[PDB]
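Source file: target-v2.cif. Holds: mmCIF, C-alpha atoms.
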data_protein
loop_
_atom_site.group_PDB
_atom_site.id
_atom_site.type_symbol
_atom_site.label_atom_id
_atom_site.label_comp_id
_atom_site.auth_asym_id
_atom_site.auth_seq_id
_atom_site.Cartn_x
_atom_site.Cartn_y
_atom_site.Cartn_z
ATOM 1 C CA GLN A 1 0.000 0.000 0.000
ATOM 2 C CA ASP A 2 3.012 2.304 0.400
ATOM 3 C CA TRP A 3 6.769 1.778 -0.049
ATOM 4 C CA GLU A 4 7.031 3.076 3.537
ATOM 5 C CA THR A 5 4.936 0.517 5.452
ATOM 6 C CA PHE A 6 5.763 -2.032 2.742
ATOM 7 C CA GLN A 7 9.322 -1.339 3.922
ATOM 8 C CA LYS A 8 8.362 -1.640 7.611
ATOM 9 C CA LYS A 9 6.116 -4.750 7.712
ATOM 10 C CA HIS A 10 7.049 -6.601 4.488
ATOM 11 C CA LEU A 11 10.772 -5.843 5.092
ATOM 12 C CA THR A 12 13.068 -6.175 8.130
ATOM 13 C CA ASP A 13 16.743 -5.561 9.033
ATOM 14 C CA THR A 14 17.993 -9.143 9.571
ATOM 15 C CA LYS A 15 17.664 -12.692 8.196
ATOM 16 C CA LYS A 16 16.658 -13.836 11.705
ATOM 17 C CA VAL A 17 14.023 -11.240 12.662
ATOM 18 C CA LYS A 18 12.574 -11.406 16.157
ATOM 19 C CA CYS A 19 9.228 -12.878 15.065
ATOM 20 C CA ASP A 20 8.270 -12.801 18.774
ATOM 21 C CA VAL A 21 8.124 -8.994 18.472
ATOM 22 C CA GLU A 22 7.857 -8.771 14.664
ATOM 23 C CA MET A 23 4.320 -10.037 15.379
ATOM 24 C CA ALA A 24 3.615 -9.370 19.075
ATOM 25 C CA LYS A 25 4.608 -5.727 18.468
ATOM 26 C CA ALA A 26 1.709 -3.272 17.848
ATOM 27 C CA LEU A 27 1.056 -3.238 14.068
ATOM 28 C CA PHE A 28 0.432 -7.025 14.150
ATOM 29 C CA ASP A 29 -0.984 -7.916 17.606
ATOM 30 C CA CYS A 30 0.652 -11.371 17.878
ATOM 31 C CA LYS A 31 -0.935 -13.031 14.809
ATOM 32 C CA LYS A 32 0.126 -16.565 13.777
ATOM 33 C CA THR A 33 1.970 -16.297 10.428
ATOM 34 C CA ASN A 34 4.242 -13.533 9.088
ATOM 35 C CA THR A 35 6.676 -12.979 6.199
ATOM 36 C CA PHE A 36 9.235 -10.265 5.354
ATOM 37 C CA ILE A 37 12.154 -9.629 2.955
ATOM 38 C CA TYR A 38 15.831 -9.262 3.936
ATOM 39 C CA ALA A 39 17.198 -6.469 1.708
ATOM 40 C CA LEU A 40 18.670 -2.954 2.017
ATOM 41 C CA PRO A 41 16.465 0.080 1.068
ATOM 42 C CA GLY A 42 18.662 1.262 -1.836
ATOM 43 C CA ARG A 43 18.670 -2.229 -3.401
ATOM 44 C CA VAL A 44 14.880 -2.389 -2.885
ATOM 45 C CA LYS A 45 13.886 0.993 -4.365
ATOM 46 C CA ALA A 46 16.666 0.410 -6.916
ATOM 47 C CA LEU A 47 15.103 -2.812 -8.254
ATOM 48 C CA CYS A 48 12.042 -0.648 -9.056
ATOM 49 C CA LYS A 49 13.832 2.216 -10.834
ATOM 50 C CA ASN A 50 13.433 2.297 -14.643
ATOM 51 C CA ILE A 51 10.219 0.272 -14.174
ATOM 52 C CA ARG A 52 6.818 1.511 -15.391
ATOM 53 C CA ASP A 53 3.678 2.363 -13.380
ATOM 54 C CA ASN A 54 1.824 -0.337 -11.452
ATOM 55 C CA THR A 55 2.900 -3.646 -13.027
ATOM 56 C CA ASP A 56 3.727 -7.193 -11.862
ATOM 57 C CA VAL A 57 7.506 -7.727 -11.532
ATOM 58 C CA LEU A 58 9.556 -10.652 -10.161
ATOM 59 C CA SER A 59 13.092 -11.088 -8.763
ATOM 60 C CA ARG A 60 15.606 -12.272 -11.393
ATOM 61 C CA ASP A 61 16.905 -15.075 -9.140
ATOM 62 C CA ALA A 62 16.192 -15.580 -5.425
ATOM 63 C CA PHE A 63 15.805 -13.576 -2.197
ATOM 64 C CA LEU A 64 16.376 -14.628 1.433
ATOM 65 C CA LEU A 65 13.218 -13.736 3.402
ATOM 66 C CA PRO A 66 12.582 -14.461 7.124
ATOM 67 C CA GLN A 67 9.219 -16.055 8.033
ATOM 68 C CA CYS A 68 7.352 -16.560 11.335
ATOM 69 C CA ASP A 69 5.245 -19.726 11.841
ATOM 70 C CA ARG A 70 3.003 -20.308 14.899
ATOM 71 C CA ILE A 71 2.183 -24.017 15.388
ATOM 72 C CA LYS A 72 2.505 -24.401 19.188
ATOM 73 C CA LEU A 73 1.992 -22.302 22.346
ATOM 74 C CA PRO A 74 -0.435 -19.313 22.132
ATOM 75 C CA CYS A 75 1.834 -16.386 21.128
ATOM 76 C CA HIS A 76 5.043 -18.028 19.845
ATOM 77 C CA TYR A 77 6.469 -18.512 16.325
ATOM 78 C CA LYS A 78 9.269 -20.488 14.641
ATOM 79 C CA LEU A 79 12.040 -18.944 12.508
ATOM 80 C CA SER A 80 12.120 -20.181 8.888
ATOM 81 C CA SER A 81 13.744 -18.464 5.877
ATOM 82 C CA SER A 82 14.730 -19.481 2.330
ATOM 83 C CA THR A 83 16.001 -17.981 -0.927
ATOM 84 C CA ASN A 84 13.540 -17.895 -3.848
ATOM 85 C CA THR A 85 12.241 -15.440 -6.475
ATOM 86 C CA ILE A 86 9.138 -13.468 -5.398
ATOM 87 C CA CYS A 87 6.469 -11.683 -7.467
ATOM 88 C CA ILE A 88 5.654 -8.122 -6.390
ATOM 89 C CA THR A 89 3.910 -5.082 -7.940
ATOM 90 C CA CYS A 90 5.795 -1.768 -8.276
ATOM 91 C CA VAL A 91 4.684 1.671 -9.545
ATOM 92 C CA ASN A 92 6.761 4.202 -11.525
ATOM 93 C CA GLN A 93 9.664 3.196 -9.281
ATOM 94 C CA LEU A 94 8.438 2.284 -5.767
ATOM 95 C CA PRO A 95 7.604 -1.300 -4.580
ATOM 96 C CA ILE A 96 4.437 -1.492 -2.437
ATOM 97 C CA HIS A 97 2.661 -4.836 -3.161
ATOM 98 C CA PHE A 98 3.754 -8.393 -2.250
ATOM 99 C CA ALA A 99 2.371 -10.889 -4.797
ATOM 100 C CA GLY A 100 3.475 -14.179 -3.183
ATOM 101 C CA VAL A 101 6.462 -16.496 -2.607
ATOM 102 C CA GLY A 102 8.463 -18.094 -5.446
ATOM 103 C CA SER A 103 7.663 -17.067 -9.039
ATOM 104 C CA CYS A 104 4.191 -15.687 -9.843
ATOM 105 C CA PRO A 105 1.312 -18.141 -9.159
#
I need this file expressed as structure tokens, please.
Amino acid sequence: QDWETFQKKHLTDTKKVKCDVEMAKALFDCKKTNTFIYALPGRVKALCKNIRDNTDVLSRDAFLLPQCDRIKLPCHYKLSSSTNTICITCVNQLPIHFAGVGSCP
């Protein structure tokens, strides 16, 4: 919805985020599943430069993204990450939508 939040919730600053807080914080409220992307801002807004308005794009290889998974306890999650291409929508040059994991559906 906005490169800003899309940079706050869909992105983090480490491959091993603290899912415990990355979800129990305030913008989530301790949900059950969560996903984010491990990348630096310049490389993120850079992969959108030269692009057109709102269109469906996709990484050219793979990307390591951290992921929270709640399967036990009430407010606890497991750490799981992997490298794979991901489809996302970007505008004139700002990424704000997360299509899904791996290549487009």
Give me, please, the distance in Å between CA of residue 59 (chain A) and CA of residue 1 (chain A), quoted to one decimal.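 Calculated distance between CA of residue 59 (chain A) and CA of residue 1 (chain A) is 19.3 Å.
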Determine, counting only C-alpha atoms, which protein, DNA and RNA residues have an atom within 12 Å of an atom of residue 83 (chain A); residues of the same chain fewer than 5 positions away are not included. Present the result as a PDB file with C-alpha atoms, in the frame of the given file.
ATOM      1  CA  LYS A  15      17.664 -12.692   8.196  1.00  0.00           C
ATOM      2  CA  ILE A  37      12.154  -9.629   2.955  1.00  0.00           C
ATOM      3  CA  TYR A  38      15.831  -9.262   3.936  1.00  0.00           C
ATOM      4  CA  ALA A  39      17.198  -6.469   1.708  1.00  0.00           C
ATOM      5  CA  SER A  59      13.092 -11.088  -8.763  1.00  0.00           C
ATOM      6  CA  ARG A  60      15.606 -12.272 -11.393  1.00  0.00           C
ATOM      7  CA  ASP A  61      16.905 -15.075  -9.140  1.00  0.00           C
ATOM      8  CA  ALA A  62      16.192 -15.580  -5.425  1.00  0.00           C
ATOM      9  CA  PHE A  63      15.805 -13.576  -2.197  1.00  0.00           C
ATOM     10  CA  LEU A  64      16.376 -14.628   1.433  1.00  0.00           C
ATOM     11  CA  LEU A  65      13.218 -13.736   3.402  1.00  0.00           C
ATOM     12  CA  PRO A  66      12.582 -14.461   7.124  1.00  0.00           C
ATOM     13  CA  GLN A  67       9.219 -16.055   8.033  1.00  0.00           C
ATOM     14  CA  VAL A 101       6.462 -16.496  -2.607  1.00  0.00           C
ATOM     15  CA  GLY A 102       8.463 -18.094  -5.446  1.00  0.00           C
ATOM     16  CA  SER A 103       7.663 -17.067  -9.039  1.00  0.00           C
TER      17      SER A 103
END
On this structure, the PyMOL selection byres ((chain A and resi 48) around 9) would catch which residues? List them as a ChimeraX atom specification, sorted by chain and number. /A:43-47,49-52,57,90-95
For this file, the PyMOL selection byres ((chain A and resi 76) around 9) selects which residues, as number ranges by chain? A: 19-20, 24, 30, 32, 68-75, 77-78
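Of the listed residues (A:6, A:28, A:98, A:36), A:98 comes nearest to residue 55 (chain A); the distances count only C-alpha atoms.
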Have a look at A:96, A:22, A:7, A:85 and name the one nearest to residue 42 (chain A); count only C-alpha atoms. A:7
Across A:29, A:18, A:3, A:35, the smallest distance to residue 82 (chain A), with all atoms listed in the file counted, is shown by A:35
